[PDB]
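S.K.: For reference, this is work_24.pdb, and it has PDB, N, CA and C atoms.
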ATOM      1  N   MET A   3     107.941 111.963  97.874
ATOM      2  CA  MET A   3     106.757 112.379  97.141
ATOM      3  C   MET A   3     107.098 112.479  95.683
ATOM      4  N   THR A   4     106.207 112.040  94.850
ATOM      5  CA  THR A   4     106.405 112.068  93.434
ATOM      6  C   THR A   4     105.300 112.885  92.772
ATOM      7  N   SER A   5     105.361 113.023  91.472
ATOM      8  CA  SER A   5     104.284 113.638  90.735
ATOM      9  C   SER A   5     103.479 112.582  89.922
ATOM     10  N   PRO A   6     104.128 111.723  89.059
ATOM     11  CA  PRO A   6     103.388 110.723  88.283
ATOM     12  C   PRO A   6     102.791 109.644  89.184
ATOM     13  N   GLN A   7     103.630 109.087  90.055
ATOM     14  CA  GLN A   7     103.237 108.028  90.977
ATOM     15  C   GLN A   7     102.168 108.509  91.947
ATOM     16  N   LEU A   8     102.160 109.810  92.200
ATOM     17  CA  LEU A   8     101.196 110.455  93.083
ATOM     18  C   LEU A   8      99.770 110.157  92.583
ATOM     19  N   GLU A   9      99.480 110.583  91.369
ATOM     20  CA  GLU A   9      98.151 110.413  90.798
ATOM     21  C   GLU A   9      97.930 108.941  90.406
ATOM     22  N   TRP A  10      99.016 108.274  90.056
ATOM     23  CA  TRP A  10      98.990 106.865  89.704
ATOM     24  C   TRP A  10      98.527 105.998  90.881
ATOM     25  N   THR A  11      98.945 106.330  92.088
ATOM     26  CA  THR A  11      98.562 105.533  93.239
ATOM     27  C   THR A  11      97.046 105.560  93.419
ATOM     28  N   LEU A  12      96.472 106.735  93.215
ATOM     29  CA  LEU A  12      95.041 106.922  93.294
ATOM     30  C   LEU A  12      94.329 106.020  92.295
ATOM     31  N   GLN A  13      94.732 106.103  91.019
ATOM     32  CA  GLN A  13      94.084 105.307  89.978
ATOM     33  C   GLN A  13      94.260 103.820  90.256
ATOM     34  N   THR A  14      95.426 103.435  90.738
ATOM     35  CA  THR A  14      95.741 102.049  91.018
ATOM     36  C   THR A  14      94.796 101.441  92.063
ATOM     37  N   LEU A  15      94.443 102.210  93.056
ATOM     38  CA  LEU A  15      93.501 101.761  94.067
ATOM     39  C   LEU A  15      92.111 101.670  93.449
ATOM     40  N   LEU A  16      91.763 102.697  92.719
ATOM     41  CA  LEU A  16      90.461 102.822  92.098
ATOM     42  C   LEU A  16      90.312 101.965  90.820
ATOM     43  N   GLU A  17      91.367 101.318  90.409
ATOM     44  CA  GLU A  17      91.290 100.370  89.321
ATOM     45  C   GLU A  17      91.156  98.971  89.877
ATOM     46  N   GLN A  18      91.413  98.852  91.162
ATOM     47  CA  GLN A  18      91.216  97.613  91.877
ATOM     48  C   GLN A  18      89.790  97.576  92.417
ATOM     49  N   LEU A  19      89.311  98.721  92.859
ATOM     50  CA  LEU A  19      87.952  98.853  93.341
ATOM     51  C   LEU A  19      87.221  99.741  92.338
ATOM     52  N   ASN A  20      86.134  99.284  91.754
ATOM     53  CA  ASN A  20      85.364 100.135  90.821
ATOM     54  C   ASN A  20      84.021  99.569  90.437
ATOM     55  N   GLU A  21      84.011  98.326  89.912
ATOM     56  CA  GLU A  21      82.822  97.634  89.337
ATOM     57  C   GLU A  21      81.515  98.057  89.956
ATOM     58  N   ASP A  22      81.242  97.609  91.147
ATOM     59  CA  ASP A  22      80.060  98.096  91.803
ATOM     60  C   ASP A  22      80.508  98.810  93.071
ATOM     61  N   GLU A  23      81.790  98.925  93.148
ATOM     62  CA  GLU A  23      82.495  99.362  94.332
ATOM     63  C   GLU A  23      82.554 100.866  94.379
ATOM     64  N   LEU A  24      82.737 101.456  93.219
ATOM     65  CA  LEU A  24      82.943 102.879  93.110
ATOM     66  C   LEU A  24      81.657 103.605  93.413
ATOM     67  N   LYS A  25      80.568 102.944  93.114
ATOM     68  CA  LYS A  25      79.231 103.460  93.322
ATOM     69  C   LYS A  25      79.018 103.745  94.809
ATOM     70  N   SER A  26      79.538 102.855  95.626
ATOM     71  CA  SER A  26      79.544 102.973  97.034
ATOM     72  C   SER A  26      80.474 104.107  97.459
ATOM     73  N   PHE A  27      81.700 104.029  96.964
ATOM     74  CA  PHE A  27      82.786 104.970  97.233
ATOM     75  C   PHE A  27      82.318 106.433  97.047
ATOM     76  N   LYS A  28      81.645 106.702  95.928
ATOM     77  CA  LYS A  28      81.149 108.052  95.600
ATOM     78  C   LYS A  28      80.128 108.526  96.633
ATOM     79  N   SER A  29      79.341 107.602  97.120
ATOM     80  CA  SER A  29      78.279 107.910  98.041
ATOM     81  C   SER A  29      78.858 108.197  99.433
ATOM     82  N   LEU A  30      79.906 107.478  99.777
ATOM     83  CA  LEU A  30      80.605 107.633 101.051
ATOM     84  C   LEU A  30      81.354 108.943 101.065
ATOM     85  N   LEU A  31      81.849 109.287  99.911
ATOM     86  CA  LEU A  31      82.507 110.544  99.654
ATOM     87  C   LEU A  31      81.510 111.697  99.791
ATOM     88  N   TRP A  32      80.272 111.441  99.464
ATOM     89  CA  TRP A  32      79.257 112.461  99.558
ATOM     90  C   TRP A  32      78.621 112.465 100.957
ATOM     91  N   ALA A  33      79.127 111.602 101.825
ATOM     92  CA  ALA A  33      78.607 111.467 103.172
ATOM     93  C   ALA A  33      79.509 112.144 104.191
ATOM     94  N   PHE A  34      80.735 112.442 103.809
ATOM     95  CA  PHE A  34      81.624 113.113 104.703
ATOM     96  C   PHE A  34      81.542 114.611 104.407
ATOM     97  N   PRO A  35      81.888 115.490 105.369
ATOM     98  CA  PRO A  35      81.845 116.934 105.152
ATOM     99  C   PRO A  35      82.826 117.386 104.070
ATOM    100  N   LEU A  36      82.277 117.799 102.961
ATOM    101  CA  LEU A  36      83.046 118.248 101.837
ATOM    102  C   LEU A  36      83.539 119.646 102.091
ATOM    103  N   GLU A  37      84.821 119.776 102.128
ATOM    104  CA  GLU A  37      85.455 120.998 102.521
ATOM    105  C   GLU A  37      85.717 121.928 101.355
ATOM    106  N   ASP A  38      85.153 123.121 101.454
ATOM    107  CA  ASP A  38      85.338 124.258 100.526
ATOM    108  C   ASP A  38      85.229 123.910  99.030
ATOM    109  N   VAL A  39      86.306 123.433  98.422
ATOM    110  CA  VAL A  39      86.286 123.114  97.003
ATOM    111  C   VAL A  39      85.568 121.779  96.763
ATOM    112  N   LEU A  40      85.586 120.908  97.767
ATOM    113  CA  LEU A  40      84.926 119.610  97.658
ATOM    114  C   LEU A  40      83.424 119.783  97.622
ATOM    115  N   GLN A  41      82.965 120.922  98.086
ATOM    116  CA  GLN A  41      81.549 121.224  98.152
ATOM    117  C   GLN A  41      81.008 121.410  96.717
ATOM    118  N   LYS A  42      81.891 121.782  95.789
ATOM    119  CA  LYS A  42      81.479 122.004  94.415
ATOM    120  C   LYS A  42      81.991 120.893  93.487
ATOM    121  N   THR A  43      82.472 119.782  94.069
ATOM    122  CA  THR A  43      82.989 118.642  93.308
ATOM    123  C   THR A  43      82.007 118.235  92.212
ATOM    124  N   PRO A  44      82.467 118.259  90.953
ATOM    125  CA  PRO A  44      81.637 117.942  89.816
ATOM    126  C   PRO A  44      81.146 116.501  89.824
ATOM    127  N   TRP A  45      79.943 116.302  90.354
ATOM    128  CA  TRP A  45      79.333 114.997  90.424
ATOM    129  C   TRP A  45      79.007 114.544  89.011
ATOM    130  N   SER A  46      78.766 115.508  88.142
ATOM    131  CA  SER A  46      78.522 115.244  86.739
ATOM    132  C   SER A  46      79.708 114.475  86.123
ATOM    133  N   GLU A  47      80.923 114.743  86.606
ATOM    134  CA  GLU A  47      82.036 113.954  86.182
ATOM    135  C   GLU A  47      82.065 112.657  86.938
ATOM    136  N   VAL A  48      81.952 112.735  88.283
ATOM    137  CA  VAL A  48      82.081 111.548  89.147
ATOM    138  C   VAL A  48      81.082 110.445  88.755
ATOM    139  N   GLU A  49      79.908 110.852  88.244
ATOM    140  CA  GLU A  49      78.878 109.953  87.795
ATOM    141  C   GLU A  49      79.416 108.929  86.819
ATOM    142  N   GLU A  50      79.867 109.405  85.687
ATOM    143  CA  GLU A  50      80.324 108.536  84.626
ATOM    144  C   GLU A  50      81.767 108.107  84.856
ATOM    145  N   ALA A  51      82.452 108.839  85.709
ATOM    146  CA  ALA A  51      83.828 108.564  86.046
ATOM    147  C   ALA A  51      83.976 107.261  86.760
ATOM    148  N   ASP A  52      84.920 106.508  86.308
ATOM    149  CA  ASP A  52      85.237 105.262  86.907
ATOM    150  C   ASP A  52      86.717 105.188  87.083
ATOM    151  N   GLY A  53      87.121 104.569  88.180
ATOM    152  CA  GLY A  53      88.504 104.303  88.496
ATOM    153  C   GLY A  53      89.432 105.489  88.332
ATOM    154  N   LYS A  54      90.160 105.500  87.209
ATOM    155  CA  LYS A  54      91.143 106.537  86.900
ATOM    156  C   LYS A  54      90.482 107.881  86.891
ATOM    157  N   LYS A  55      89.332 107.946  86.256
ATOM    158  CA  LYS A  55      88.624 109.187  86.132
ATOM    159  C   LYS A  55      88.209 109.739  87.467
ATOM    160  N   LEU A  56      87.832 108.873  88.384
ATOM    161  CA  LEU A  56      87.411 109.337  89.674
ATOM    162  C   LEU A  56      88.606 109.868  90.457
ATOM    163  N   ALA A  57      89.732 109.170  90.342
ATOM    164  CA  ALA A  57      90.993 109.568  90.981
ATOM    165  C   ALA A  57      91.403 110.965  90.510
ATOM    166  N   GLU A  58      91.130 111.217  89.250
ATOM    167  CA  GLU A  58      91.418 112.469  88.592
ATOM    168  C   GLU A  58      90.625 113.603  89.236
ATOM    169  N   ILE A  59      89.409 113.296  89.632
ATOM    170  CA  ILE A  59      88.517 114.261  90.226
ATOM    171  C   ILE A  59      88.951 114.574  91.672
ATOM    172  N   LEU A  60      89.578 113.602  92.330
ATOM    173  CA  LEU A  60      90.131 113.831  93.673
ATOM    174  C   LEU A  60      91.319 114.788  93.610
ATOM    175  N   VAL A  61      92.205 114.577  92.637
ATOM    176  CA  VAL A  61      93.403 115.421  92.498
ATOM    177  C   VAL A  61      93.050 116.732  91.754
ATOM    178  N   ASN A  62      91.806 116.819  91.354
ATOM    179  CA  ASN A  62      91.266 117.975  90.654
ATOM    180  C   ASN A  62      90.968 119.071  91.674
ATOM    181  N   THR A  63      90.549 118.657  92.843
ATOM    182  CA  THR A  63      90.119 119.557  93.864
ATOM    183  C   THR A  63      91.203 119.869  94.926
ATOM    184  N   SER A  64      91.545 118.890  95.732
ATOM    185  CA  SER A  64      92.407 119.098  96.889
ATOM    186  C   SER A  64      93.892 118.852  96.642
ATOM    187  N   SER A  65      94.669 119.167  97.669
ATOM    188  CA  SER A  65      96.087 118.949  97.702
ATOM    189  C   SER A  65      96.336 117.495  98.116
ATOM    190  N   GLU A  66      97.473 116.930  97.702
ATOM    191  CA  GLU A  66      97.795 115.520  97.949
ATOM    192  C   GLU A  66      97.687 115.116  99.412
ATOM    193  N   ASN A  67      98.069 116.013 100.289
ATOM    194  CA  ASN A  67      98.076 115.768 101.733
ATOM    195  C   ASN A  67      96.668 115.489 102.257
ATOM    196  N   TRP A  68      95.692 116.118 101.649
ATOM    197  CA  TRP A  68      94.330 115.917 102.049
ATOM    198  C   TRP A  68      93.819 114.639 101.391
ATOM    199  N   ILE A  69      94.107 114.492 100.103
ATOM    200  CA  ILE A  69      93.625 113.353  99.310
ATOM    201  C   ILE A  69      94.192 112.030  99.826
ATOM    202  N   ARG A  70      95.462 112.053 100.215
ATOM    203  CA  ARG A  70      96.176 110.863 100.675
ATOM    204  C   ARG A  70      95.558 110.306 101.951
ATOM    205  N   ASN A  71      94.828 111.145 102.653
ATOM    206  CA  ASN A  71      94.111 110.729 103.838
ATOM    207  C   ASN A  71      92.651 110.437 103.464
ATOM    208  N   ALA A  72      92.123 111.267 102.560
ATOM    209  CA  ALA A  72      90.743 111.199 102.076
ATOM    210  C   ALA A  72      90.391 109.863 101.458
ATOM    211  N   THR A  73      91.172 109.434 100.472
ATOM    212  CA  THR A  73      90.881 108.200  99.763
ATOM    213  C   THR A  73      90.949 107.007 100.710
ATOM    214  N   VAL A  74      91.860 107.079 101.665
ATOM    215  CA  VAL A  74      92.044 106.039 102.645
ATOM    216  C   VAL A  74      90.801 105.907 103.514
ATOM    217  N   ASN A  75      90.282 107.038 103.971
ATOM    218  CA  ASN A  75      89.113 107.069 104.866
ATOM    219  C   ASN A  75      87.898 106.420 104.182
ATOM    220  N   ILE A  76      87.769 106.604 102.874
ATOM    221  CA  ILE A  76      86.663 105.990 102.119
ATOM    222  C   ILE A  76      86.848 104.461 102.087
ATOM    223  N   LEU A  77      88.082 104.014 101.842
ATOM    224  CA  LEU A  77      88.399 102.581 101.851
ATOM    225  C   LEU A  77      88.152 101.994 103.236
ATOM    226  N   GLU A  78      88.501 102.764 104.258
ATOM    227  CA  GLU A  78      88.253 102.399 105.648
ATOM    228  C   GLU A  78      86.752 102.229 105.879
ATOM    229  N   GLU A  79      85.972 103.132 105.303
ATOM    230  CA  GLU A  79      84.520 103.088 105.374
ATOM    231  C   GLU A  79      83.935 101.908 104.596
ATOM    232  N   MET A  80      84.699 101.377 103.665
ATOM    233  CA  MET A  80      84.263 100.229 102.886
ATOM    234  C   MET A  80      84.780  98.939 103.499
ATOM    235  N   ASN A  81      85.495  99.063 104.638
ATOM    236  CA  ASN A  81      86.080  97.913 105.371
ATOM    237  C   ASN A  81      87.185  97.248 104.509
ATOM    238  N   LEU A  82      87.718  98.024 103.603
ATOM    239  CA  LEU A  82      88.773  97.577 102.740
ATOM    240  C   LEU A  82      90.082  97.804 103.449
ATOM    241  N   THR A  83      90.760  96.754 103.792
ATOM    242  CA  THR A  83      92.019  96.868 104.469
ATOM    243  C   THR A  83      93.145  96.634 103.513
ATOM    244  N   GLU A  84      93.076  95.523 102.833
ATOM    245  CA  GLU A  84      94.099  95.045 101.913
ATOM    246  C   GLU A  84      94.628  96.125 100.950
ATOM    247  N   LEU A  85      93.815  96.551 100.011
ATOM    248  CA  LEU A  85      94.244  97.557  99.049
ATOM    249  C   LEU A  85      94.357  98.943  99.686
ATOM    250  N   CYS A  86      93.758  99.126 100.829
ATOM    251  CA  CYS A  86      93.829 100.402 101.511
ATOM    252  C   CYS A  86      95.192 100.543 102.179
ATOM    253  N   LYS A  87      95.722  99.434 102.641
ATOM    254  CA  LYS A  87      97.037  99.385 103.249
ATOM    255  C   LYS A  87      98.119  99.558 102.192
ATOM    256  N   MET A  88      97.708  99.462 100.944
ATOM    257  CA  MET A  88      98.561  99.741  99.823
ATOM    258  C   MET A  88      98.649 101.258  99.712
ATOM    259  N   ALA A  89      97.515 101.904  99.932
ATOM    260  CA  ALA A  89      97.419 103.358  99.899
ATOM    261  C   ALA A  89      98.149 103.948 101.088
ATOM    262  N   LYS A  90      98.025 103.277 102.226
ATOM    263  CA  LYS A  90      98.685 103.683 103.467
ATOM    264  C   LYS A  90     100.194 103.543 103.376
ATOM    265  N   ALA A  91     100.645 102.829 102.379
ATOM    266  CA  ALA A  91     102.049 102.656 102.170
ATOM    267  C   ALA A  91     102.551 103.561 101.055
ATOM    268  N   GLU A  92     101.714 103.784 100.083
ATOM    269  CA  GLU A  92     102.086 104.545  98.908
ATOM    270  C   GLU A  92     101.611 105.990  98.940
ATOM    271  N   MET A  93     100.301 106.168  98.881
ATOM    272  CA  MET A  93      99.665 107.488  98.807
ATOM    273  C   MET A  93     100.009 108.338  99.994
ATOM    274  N   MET A  94      99.732 107.837 101.147
ATOM    275  CA  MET A  94     100.038 108.563 102.333
ATOM    276  C   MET A  94     101.403 108.191 102.840
ATOM    277  N   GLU A  95     102.391 108.770 102.223
ATOM    278  CA  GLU A  95     103.739 108.579 102.652
ATOM    279  C   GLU A  95     104.004 109.511 103.813
ATOM    280  N   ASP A  96     104.119 108.945 104.976
ATOM    281  CA  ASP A  96     104.358 109.727 106.154
ATOM    282  C   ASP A  96     105.808 110.039 106.302
ATOM    283  N   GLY A  97     106.169 111.148 105.754
ATOM    284  CA  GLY A  97     107.487 111.646 105.880
ATOM    285  C   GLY A  97     107.442 113.010 106.490
ATOM    286  N   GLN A  98     107.157 113.995 105.673
ATOM    287  CA  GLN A  98     107.050 115.367 106.103
ATOM    288  C   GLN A  98     106.000 116.051 105.253
TER     289      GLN A  98
END
Would you mind writing the file's structure down as structure tokens?

M.R.:
Amino acid sequence: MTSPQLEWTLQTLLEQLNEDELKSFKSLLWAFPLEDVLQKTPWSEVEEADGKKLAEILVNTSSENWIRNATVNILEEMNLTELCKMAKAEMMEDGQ
């Protein structure tokens, strides 16, 4: 587990998917049960937030262990395998 690469992995995925993609992503994110702090997730930021900025909002709320699964589930919901398997290799490092 790292600290820079941690948040970097998020942005890297979200810099690959964003154009009209993030618009979907945000909506899918608003479709799953937002847990405690996610319930107050600043949509005002997420609105104008793109790519890096959106990743920032994910690490703004939850712990990496939740996010590393969270971001993946959204990609899964977008039928994104390719770049999601990048996340499954990087973000969600299954160690301990």

S.K.: Under the rule that only C-alpha atoms are counted, which of A:98, A:4, A:64, A:11 is the nearest residue to residue 41 in chain A?

M.R.: A:64

S.K.: Compare A:13, A:7, A:18, A:62 by their minimum atom-to-atom distance to residue 85 in chain A, counting only C-alpha atoms, and give me the closest one.

M.R.: A:18

S.K.: Can you work out the spacing between atom C of residue 50 in chain A and atom C of residue 95 in chain A in Å, to one decimal?

M.R.: 29.3 Å

S.K.: List the neighbours of residue 86 in chain A out to 8 Å using only C-alpha atoms; skip same-chain residues closer than 5 positions along the sequence, and give me the result as a list in words.

M.R.: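 Using only C-alpha atoms, the neighbours found are residues 15, 74, 77 and 78 of chain A.
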
S.K.: If I wrap all listed atoms of range 7-25 of chain A in a box with edges along x, y and z and add 3 Å on each side, what are its centre and edge lengths in Å to one decimal, as JSON?

M.R.:
{"center_x": 91.3, "center_y": 104.1, "center_z": 92.1, "size_x": 30.6, "size_y": 19.0, "size_z": 11.5}

S.K.: Would you list, as a PyMOL selection string, the residues of range 43-73 of chain A that end up in alpha helix (DSSP H) under DSSP run on this structure's backbone?

M.R.: chain A and resi 45-50+54-63+66-73

S.K.: Using only N, CA and C atoms, which of the listed residues (A:20, A:90, A:97, A:3) sits closest to residue 53 in chain A?

M.R.: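 Closest to residue 53 in chain A, using only N, CA and C atoms: A:20.
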
S.K.: Compare A:82, A:69, A:76, A:59 by their minimum atom-to-atom distance to residue 94 in chain A, counting only C-alpha atoms, and give me the closest one.

M.R.: A:69

S.K.: Using only C-alpha atoms, find the one residue out of A:38, A:92, A:23, A:52 that sits nearest to residue 80 in chain A.

M.R.: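 Among A:38, A:92, A:23, A:52, it is A:23 that comes nearest to residue 80 in chain A.
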
S.K.: Excluding residue 32 in chain A and any residue of its chain fewer than 3 positions from it, enumerate the residues within 12 Å of it, using only C-alpha atoms, and give them as a list in words.

M.R.: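 With the cut-off at 12 Å, the set is residues 25, 26, 27, 28, 29, 35, 36, 37, 40, 41, 42, 43, 44, 45, 48, 72 and 76 of chain A.
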
S.K.: In Å, how far is it from atom C of residue 17 in chain A to CA of residue 54 in chain A?

M.R.: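 So the answer is 8.1 Å.
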
S.K.: Quick one: which residues end up in the PyMOL selection byres (((chain A and resi 9 and name CA) around 10) and name CA) for this structure, as a list in words?

M.R.: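 So the PyMOL selection byres (((chain A and resi 9 and name CA) around 10) and name CA), applied here, picks out residues 4, 5, 6, 7, 8, 10, 11, 12, 13, 14, 54, 57, 58, 60, 61, 66 and 93 of chain A.
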
S.K.: Between CA of residue 91 in chain A and atom N of residue 75 in chain A, what is the spacing in Å?

M.R.: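 Atom N of residue 75 in chain A sits 12.7 Å away from CA of residue 91 in chain A.
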